[PDB]
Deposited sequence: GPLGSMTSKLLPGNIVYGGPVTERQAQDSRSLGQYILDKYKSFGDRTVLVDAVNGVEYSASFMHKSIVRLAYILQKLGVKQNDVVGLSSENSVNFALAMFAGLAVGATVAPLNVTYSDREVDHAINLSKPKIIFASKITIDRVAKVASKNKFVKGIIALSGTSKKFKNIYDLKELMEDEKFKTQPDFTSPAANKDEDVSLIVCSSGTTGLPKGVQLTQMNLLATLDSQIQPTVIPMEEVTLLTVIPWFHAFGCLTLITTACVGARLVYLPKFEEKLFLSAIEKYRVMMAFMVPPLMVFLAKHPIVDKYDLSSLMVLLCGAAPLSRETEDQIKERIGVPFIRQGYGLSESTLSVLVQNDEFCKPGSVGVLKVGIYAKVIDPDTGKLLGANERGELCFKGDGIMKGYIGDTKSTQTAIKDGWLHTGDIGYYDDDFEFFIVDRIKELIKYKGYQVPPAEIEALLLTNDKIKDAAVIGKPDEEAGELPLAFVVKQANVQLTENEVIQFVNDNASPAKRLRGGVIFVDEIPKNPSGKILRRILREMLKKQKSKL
């Protein structure tokens, strides 16, 4: 029930439920939820086929929570998490939240300098790490005195002084703990539950701080199905806000959360078939895969009911394609930023126009402002989207300048161009910083990208501005064709020439490639793309 308030501000409605917010801390709300689920399955390791009960989660969170306190972790301390999706990941995060510590997950594919830059943003006192990243993490922690200890969820290393094996700690008979642990009370308004590293044009990430309030208010907020009885698959990485908050919310609703370490084409399809996955979180890259890759037909996907996509531009042409190929009833697209905790806009049964991002979630205000002025725009006027509500981040840790630039008067200036129609359904056009500056025009690469993805001969597409002396930027398309097909640069140029405005002309040419660089969250790594121009 969105409302158009005076002044051209859109409102998603008042937040009715207050269960999570009433809690004394996110750690206590998670523990009680898990305990209240009894012995039901809540986590399924798809690769190894191991079901995990709610009581197993509760017991392990209690044990690990005590161990953290013994190791010196105190309320509002920071603990790092560098690991693929796994039960130990969830156990590590929940335990850290149980003791009232900030959890700072770290991208698993990070490099020495990115890892070093991340842990220098949040300054974790203890860091969890699996075998895939322990060597890099231990090596980096050596050059940072604030890191007092590393816990290895798997594997080992000698490049750091104080390393603990999680298995030995959990099982230490000499360390006696009670069957139940209770989380301390949090200043929900200021205590930081999560520090999520966001990608930016800087090349190095910023640390967005999400308070307990941000998370509890989000918890208190797509289809008519009760999520509790849902078998849910999440391939988005859990160190990203989308996958991270999706793991928490799904956990609090008692759903059956199936997971893979990362994403893999065959493992993804295989998981949906074996475990009868009914709903899955996706990023556009996976949606395009479902829509294009021929391997998709080699699997039984009948159990799939809902596809929840977000994090990057997704066109209706791709949505329709997927629905017409595999026959999934519900495809819902959502929009949000790391700075907005989770989504601020989601499609539903009533507001699910093709290619839209839905309507505001309760408690969130939205406004479309014209850049180069604060002019608040009306319906159907494109402008920079700004959001206000209980989901807005507290700010970039240690970077008050970047925070003032982003949050004005409680409004998050997302930096994206969008608009809302007369039903207050929102549409995301593109990111201002990624608009191709060609002869004063601000061409949205996402528009051309959607057009190129309608061509059955194109498997993936990414458009970038090519540096030019007179024009400044010329649209250039990185194209990934399908296997058994013939495609030429001229044919691609002709395609957009006959279906797009003269400004979208691929004057920069075509550059066929077998794979487009994407980040673990499905965002086109434009930075890398501009480097390949050779």
Ranges missing from the model, given as deposited sequence positions: 1-6, 228-230, 544-549
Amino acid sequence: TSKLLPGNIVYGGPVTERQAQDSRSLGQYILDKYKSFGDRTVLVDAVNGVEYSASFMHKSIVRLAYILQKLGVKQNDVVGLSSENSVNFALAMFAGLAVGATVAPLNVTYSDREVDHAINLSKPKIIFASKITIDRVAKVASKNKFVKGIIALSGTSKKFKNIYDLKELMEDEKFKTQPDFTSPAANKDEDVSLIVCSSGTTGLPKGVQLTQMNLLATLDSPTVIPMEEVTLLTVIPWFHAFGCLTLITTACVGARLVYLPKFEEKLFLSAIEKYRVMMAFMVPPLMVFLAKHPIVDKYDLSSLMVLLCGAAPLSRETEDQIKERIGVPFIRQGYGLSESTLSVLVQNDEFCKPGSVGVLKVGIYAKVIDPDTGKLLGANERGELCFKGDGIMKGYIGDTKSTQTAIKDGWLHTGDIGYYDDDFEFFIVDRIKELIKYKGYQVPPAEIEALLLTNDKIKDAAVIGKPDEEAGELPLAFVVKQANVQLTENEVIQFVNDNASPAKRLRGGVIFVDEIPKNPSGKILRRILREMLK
From here on, numbers count along this sequence of modelled residues.
Segment of higher mean CA temperature factor, 162-170 or 370-378: 370-378
Report the stretch with the higher mean CA temperature factor, choosing between 479-487 and 45-53 on the basis of the entry. 479-487
Out of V328, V103, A138, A241, residue topping the C-alpha B-factor column of the entry: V328
Out of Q28, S60, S36, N499, whose C-alpha atom has the biggest B factor in the entry? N499
Is the Cα B-factor recorded for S302 in the lowest, middle or highest third of its chain? highest
Based on the deposited C-alpha B factors for this chain, I'd like to know if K459 is in the lowest, middle or highest third. highest
Tertile call for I493 (CA temperature factor, within chain, third-based) is the highest
Sorting the chain's modelled residues by C-alpha B-factor and splitting them into thirds places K439 in the highest
Taking the entry's C-alpha B-factors for this chain, is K131 in the lowest, middle or highest third? lowest
